[PDB]
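Asker: Sharing a structure with you now.
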Amino acid sequence: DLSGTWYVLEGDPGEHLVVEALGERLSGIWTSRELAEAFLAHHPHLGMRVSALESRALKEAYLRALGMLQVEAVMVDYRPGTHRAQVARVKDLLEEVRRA
Amino acid sequence: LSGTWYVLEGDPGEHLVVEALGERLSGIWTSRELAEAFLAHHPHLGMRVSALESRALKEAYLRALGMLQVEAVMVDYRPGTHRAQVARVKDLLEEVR
Ligand SMILES: [Cl-]
C-alpha cells in the first residue's frame with residue numbers, strides 16, 4: 001500500500017531521480033527507509049539521498065514536481081526482485097494521495 | 001575505451017538514461033562481466049547487453065545519445081566504488097571519429 005511515508009531519492013532540493021526505461025520517464029517511491037537506502041546503496045555517485053515524504057502536503061508536492069519533470073509513472077519498491085515490477089501512473093497516484 | 005563497448009539496449013534507441021548530478025547520463029561498460037552483472041541487478045527494465053565492436057557501431061550509439069541530449073556516460077559503473085568514471089559523449093564521439 002502507498003499509505004504511510006513515501007521514501008524517494010533526491011539530490012539538490014527538487015532534483016529527483018528520473019530514469020528512462022520501458023519507453024517512459026520513471027521515478028521511484030519506496031515504502032520504507034530501508035528499501036530506499038538499500039536501493040541507494042546499490043547506486044552511488046549519483047549525488048542522491050533518501051528523502052521522506054511524511055505528510056499529504058509533501059507527497060502532493062512530490063507528484064506535482066514529477067509533473068514538472070514530465071514523469072508519468074513511478075516504480076514502487078523497486079529492487080532486484082522476482083515479481084513483475086510495480087509501476088504506478090502519476091495520474092493514478094494524484095488520486096490516491098487524496099486518501100491521505 | 002579502446003576495446004569493445006558493452007551497452008544496454010531496450011526499445012530501439014532506448015538506452016538506460018538517468019537524470020542525476022547536473023545532466024542526463026547513460027552507461028558504457030568495458031567488461032561484458034560488469035555489464036551483465038549490472039543488468040542482472042536491474043530486472044524489469046526490458047534491457048539487454050549488446051556489444052559494440054565497430055568504430056561505426058560506437059558512433060551510431062553516441063549519436064543516438066547525443067540526440068537524446070545525453071552529454072555523458074558512466075564507464076564501468078557498479079556498487080562499491082570510491083568514485084565513478086564519467087566521459088563526455090562529445091569527447092568519446094570525437095575520439096571514435
Ligand atoms: Cl554521491
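Here's how to read the names in the C-alpha cells: chain A, B, ... by the order shown, residue numbers from 1 in each chain, ligand numbers from 1 in the order shown.
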Show me, as a ChimeraX atom specification, every residue of chain A with an atom at most 8 Å from chain B, counting only C-alpha atoms.
Answerer: /A:11,15-23,41-48,79-81,84-85
Asker: Could you write those residues out with N, CA and C atoms, as a PDB file, in the first residue's frame?
Answerer:
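Contents of again_7.pdb, freshly written:
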```
ATOM      1  N   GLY A  11      18.479  14.781  -4.872  1.00  0.00           N
ATOM      2  CA  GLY A  11      19.835  15.305  -4.819  1.00  0.00           C
ATOM      3  C   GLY A  11      19.663  16.707  -4.275  1.00  0.00           C
ATOM      4  N   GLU A  15      15.742  18.046  -7.290  1.00  0.00           N
ATOM      5  CA  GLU A  15      16.270  17.161  -8.314  1.00  0.00           C
ATOM      6  C   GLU A  15      16.118  15.711  -7.889  1.00  0.00           C
ATOM      7  N   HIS A  16      15.028  15.114  -8.347  1.00  0.00           N
ATOM      8  CA  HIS A  16      14.726  13.729  -8.042  1.00  0.00           C
ATOM      9  C   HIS A  16      15.246  12.807  -9.130  1.00  0.00           C
ATOM     10  N   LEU A  17      15.431  11.548  -8.780  1.00  0.00           N
ATOM     11  CA  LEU A  17      15.932  10.582  -9.732  1.00  0.00           C
ATOM     12  C   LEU A  17      14.909  10.248 -10.804  1.00  0.00           C
ATOM     13  N   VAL A  18      15.265  10.474 -12.062  1.00  0.00           N
ATOM     14  CA  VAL A  18      14.383  10.123 -13.164  1.00  0.00           C
ATOM     15  C   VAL A  18      15.163   9.126 -14.012  1.00  0.00           C
ATOM     16  N   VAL A  19      14.522   8.022 -14.371  1.00  0.00           N
ATOM     17  CA  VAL A  19      15.170   7.013 -15.185  1.00  0.00           C
ATOM     18  C   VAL A  19      14.338   6.744 -16.437  1.00  0.00           C
ATOM     19  N   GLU A  20      14.992   6.619 -17.585  1.00  0.00           N
ATOM     20  CA  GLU A  20      14.255   6.341 -18.805  1.00  0.00           C
ATOM     21  C   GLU A  20      14.365   4.888 -19.211  1.00  0.00           C
ATOM     22  N   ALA A  21      13.251   4.180 -19.058  1.00  0.00           N
ATOM     23  CA  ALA A  21      13.163   2.773 -19.403  1.00  0.00           C
ATOM     24  C   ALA A  21      11.687   2.482 -19.623  1.00  0.00           C
ATOM     25  N   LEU A  22      11.388   1.360 -20.268  1.00  0.00           N
ATOM     26  CA  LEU A  22      10.005   0.974 -20.536  1.00  0.00           C
ATOM     27  C   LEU A  22       9.293   2.023 -21.380  1.00  0.00           C
ATOM     28  N   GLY A  23      10.069   2.746 -22.183  1.00  0.00           N
ATOM     29  CA  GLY A  23       9.518   3.772 -23.053  1.00  0.00           C
ATOM     30  C   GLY A  23       8.921   4.964 -22.328  1.00  0.00           C
ATOM     31  N   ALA A  41      22.130   2.233  -1.693  1.00  0.00           N
ATOM     32  CA  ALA A  41      23.405   1.545  -1.509  1.00  0.00           C
ATOM     33  C   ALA A  41      23.917   0.909  -2.806  1.00  0.00           C
ATOM     34  N   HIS A  42      23.014   0.532  -3.709  1.00  0.00           N
ATOM     35  CA  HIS A  42      23.423  -0.073  -4.976  1.00  0.00           C
ATOM     36  C   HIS A  42      23.560   0.937  -6.121  1.00  0.00           C
ATOM     37  N   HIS A  43      23.378   2.224  -5.826  1.00  0.00           N
ATOM     38  CA  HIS A  43      23.516   3.258  -6.853  1.00  0.00           C
ATOM     39  C   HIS A  43      24.204   4.514  -6.325  1.00  0.00           C
ATOM     40  N   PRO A  44      25.515   4.419  -6.048  1.00  0.00           N
ATOM     41  CA  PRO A  44      26.292   5.548  -5.537  1.00  0.00           C
ATOM     42  C   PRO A  44      26.716   6.479  -6.664  1.00  0.00           C
ATOM     43  N   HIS A  45      27.383   7.562  -6.287  1.00  0.00           N
ATOM     44  CA  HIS A  45      27.896   8.537  -7.232  1.00  0.00           C
ATOM     45  C   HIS A  45      26.867   9.255  -8.088  1.00  0.00           C
ATOM     46  N   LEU A  46      25.610   9.226  -7.655  1.00  0.00           N
ATOM     47  CA  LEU A  46      24.529   9.906  -8.357  1.00  0.00           C
ATOM     48  C   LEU A  46      24.112  11.141  -7.568  1.00  0.00           C
ATOM     49  N   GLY A  47      24.842  11.428  -6.491  1.00  0.00           N
ATOM     50  CA  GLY A  47      24.542  12.585  -5.659  1.00  0.00           C
ATOM     51  C   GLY A  47      23.173  12.529  -5.012  1.00  0.00           C
ATOM     52  N   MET A  48      22.645  11.324  -4.849  1.00  0.00           N
ATOM     53  CA  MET A  48      21.320  11.135  -4.288  1.00  0.00           C
ATOM     54  C   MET A  48      21.307  10.747  -2.814  1.00  0.00           C
ATOM     55  N   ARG A  79      13.494  -3.195  -6.717  1.00  0.00           N
ATOM     56  CA  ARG A  79      14.661  -3.895  -6.201  1.00  0.00           C
ATOM     57  C   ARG A  79      14.892  -5.150  -7.027  1.00  0.00           C
ATOM     58  N   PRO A  80      16.099  -5.724  -6.944  1.00  0.00           N
ATOM     59  CA  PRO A  80      16.349  -6.944  -7.719  1.00  0.00           C
ATOM     60  C   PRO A  80      15.342  -7.980  -7.201  1.00  0.00           C
ATOM     61  N   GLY A  81      14.162  -8.022  -7.819  1.00  0.00           N
ATOM     62  CA  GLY A  81      13.127  -8.938  -7.374  1.00  0.00           C
ATOM     63  C   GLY A  81      12.697 -10.010  -8.355  1.00  0.00           C
ATOM     64  N   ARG A  84       6.882  -9.217 -11.040  1.00  0.00           N
ATOM     65  CA  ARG A  84       6.846  -8.153 -12.033  1.00  0.00           C
ATOM     66  C   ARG A  84       6.807  -6.809 -11.313  1.00  0.00           C
ATOM     67  N   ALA A  85       7.704  -5.912 -11.714  1.00  0.00           N
ATOM     68  CA  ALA A  85       7.807  -4.584 -11.121  1.00  0.00           C
ATOM     69  C   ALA A  85       6.455  -3.923 -10.927  1.00  0.00           C
TER      70      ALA A  85
END
```
Asker: Considering only C-alpha atoms, return as a CSV table (one decimal) with N, CA and C atoms, in the first residue's frame whatever protein or nucleic-acid residues lie within 10 Å of residue 63 of chain B, sequence-local ones (same chain, fewer than 3 positions apart) excluded.
Answerer:
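Below is the file out.csv, written as the result:
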```csv
chain,number,residue,atom,x,y,z
B,13,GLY,N,17.1,2.7,-29.9
B,13,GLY,CA,17.5,4.0,-29.5
B,13,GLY,C,17.3,4.2,-28.0
B,58,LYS,N,30.0,2.2,-32.5
B,58,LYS,CA,30.2,3.0,-31.4
B,58,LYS,C,29.7,4.4,-31.7
B,59,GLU,N,29.9,4.9,-32.9
B,59,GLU,CA,29.5,6.2,-33.4
B,59,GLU,C,27.9,6.3,-33.4
B,60,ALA,N,27.3,5.3,-34.0
B,60,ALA,CA,25.9,5.3,-34.1
B,60,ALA,C,25.2,5.3,-32.7
B,66,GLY,N,23.5,11.5,-28.2
B,66,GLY,CA,23.6,12.9,-28.5
B,66,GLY,C,22.3,13.5,-28.8
B,67,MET,N,21.5,12.9,-29.6
B,67,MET,CA,20.2,13.3,-30.0
B,67,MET,C,19.2,13.2,-28.8
B,68,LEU,N,19.5,12.4,-27.8
B,68,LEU,CA,18.6,12.2,-26.7
B,68,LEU,C,19.1,13.2,-25.6
B,69,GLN,N,20.0,14.1,-26.0
B,69,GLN,CA,20.6,15.1,-25.0
B,69,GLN,C,21.3,14.4,-23.8
B,70,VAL,N,22.0,13.4,-24.1
B,70,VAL,CA,22.8,12.7,-23.1
B,70,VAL,C,24.2,13.2,-23.3
B,89,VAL,N,30.1,12.6,-23.8
B,89,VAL,CA,29.7,12.0,-25.1
B,89,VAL,C,30.4,12.7,-26.2
B,90,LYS,N,30.7,14.0,-26.1
B,90,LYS,CA,31.3,14.8,-27.1
B,90,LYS,C,32.8,14.3,-27.2
B,93,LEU,N,32.9,10.8,-28.7
B,93,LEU,CA,32.4,11.0,-30.0
B,93,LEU,C,33.6,11.4,-30.9
```
Asker: As a ChimeraX atom specification, please: every residue in chain B that DSSP puts in helix (DSSP H, G or I).
Answerer: /B:32-40,55-67,89-96
Asker: Find the residues around residue 56 of chain A up to 10 Å (only C-alpha atoms counted), leave out those fewer than 5 positions away in its own chain, and share them as a list in words.
Answerer: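 Counting only the stated atoms, we get residues 3, 4, 5, 6, 61, 62, 97, 98, 99 and 100 of chain A.
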Asker: What would the file look like if the residues just selected were written as a JSON list (two decimals), in the first residue's frame with N, CA and C atoms?
Answerer:
```json
[["chain", "number", "residue", "atom", "x", "y", "z"],
["A", 3, "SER", "N", -0.12, 4.09, 1.57],
["A", 3, "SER", "CA", -0.43, 4.95, 2.71],
["A", 3, "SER", "C", 0.87, 4.94, 3.50],
["A", 4, "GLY", "N", 1.04, 5.89, 4.41],
["A", 4, "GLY", "CA", 2.29, 5.93, 5.15],
["A", 4, "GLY", "C", 3.36, 6.69, 4.37],
["A", 5, "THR", "N", 4.44, 7.03, 5.05],
["A", 5, "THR", "CA", 5.52, 7.78, 4.46],
["A", 5, "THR", "C", 6.09, 7.22, 3.16],
["A", 6, "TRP", "N", 6.26, 8.09, 2.17],
["A", 6, "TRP", "CA", 6.85, 7.68, 0.91],
["A", 6, "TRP", "C", 8.32, 8.06, 1.05],
["A", 61, "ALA", "N", 3.27, 17.61, -3.13],
["A", 61, "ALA", "CA", 4.26, 18.46, -3.78],
["A", 61, "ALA", "C", 5.18, 17.60, -4.65],
["A", 62, "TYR", "N", 5.46, 16.39, -4.18],
["A", 62, "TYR", "CA", 6.31, 15.46, -4.91],
["A", 62, "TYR", "C", 5.69, 15.10, -6.26],
["A", 97, "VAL", "N", -3.26, 9.96, -3.35],
["A", 97, "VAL", "CA", -2.84, 10.86, -2.28],
["A", 97, "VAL", "C", -3.99, 11.59, -1.60],
["A", 98, "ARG", "N", -5.15, 11.61, -2.24],
["A", 98, "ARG", "CA", -6.31, 12.29, -1.66],
["A", 98, "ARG", "C", -6.95, 11.46, -0.56],
["A", 99, "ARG", "N", -6.41, 10.27, -0.33],
["A", 99, "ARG", "CA", -6.88, 9.39, 0.73],
["A", 99, "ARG", "C", -6.07, 9.74, 1.96],
["A", 100, "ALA", "N", -4.91, 10.37, 1.74],
["A", 100, "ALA", "CA", -4.03, 10.76, 2.83],
["A", 100, "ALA", "C", -4.34, 12.18, 3.32]]
```
Asker: Please measure the separation of atom 1 (Cl, counted along the ligand's line) of ligand 1 and atom CA of residue 29 of chain B, giving the value in Å to one decimal.
Answerer: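 According to the coordinates, atom 1 (Cl, counted along the ligand's line) of ligand 1 and atom CA of residue 29 of chain B are separated by 20.1 Å.
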Asker: Per DSSP on the backbone, what are the strand (DSSP E) residues of segment 10-94 of chain A, as a list in words?
Answerer: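 Reading the DSSP output for segment 10-94 of chain A, strand (DSSP E) covers residues 10, 18, 19, 20, 21, 24, 25, 26, 27, 28, 29, 49, 50, 51, 52, 53, 73, 74, 75, 76, 86, 87, 88 and 89 of chain A.
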Asker: Which residue gives the smallest distance to residue 53 of chain A among A:83, A:89, A:33, A:25, with only C-alpha atoms counted?
Answerer: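 Counting only C-alpha atoms, the residue closest to residue 53 of chain A is A:33.
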Asker: Would you kindly return, as a PyMOL selection string, each protein, DNA or RNA residue with an atom no farther than 9 Å from any atom of residue 94 of chain A, considering only C-alpha atoms and excluding same-chain residues fewer than 5 positions away?
Answerer: chain A and resi 60+63-64+89
Asker: Quick one: distance from atom CA of residue 52 of chain B to atom CA of residue 96 of chain B in Å, one decimal?
Answerer: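 Computing the Euclidean distance for atom CA of residue 52 of chain B and atom CA of residue 96 of chain B yields 12.0 Å.
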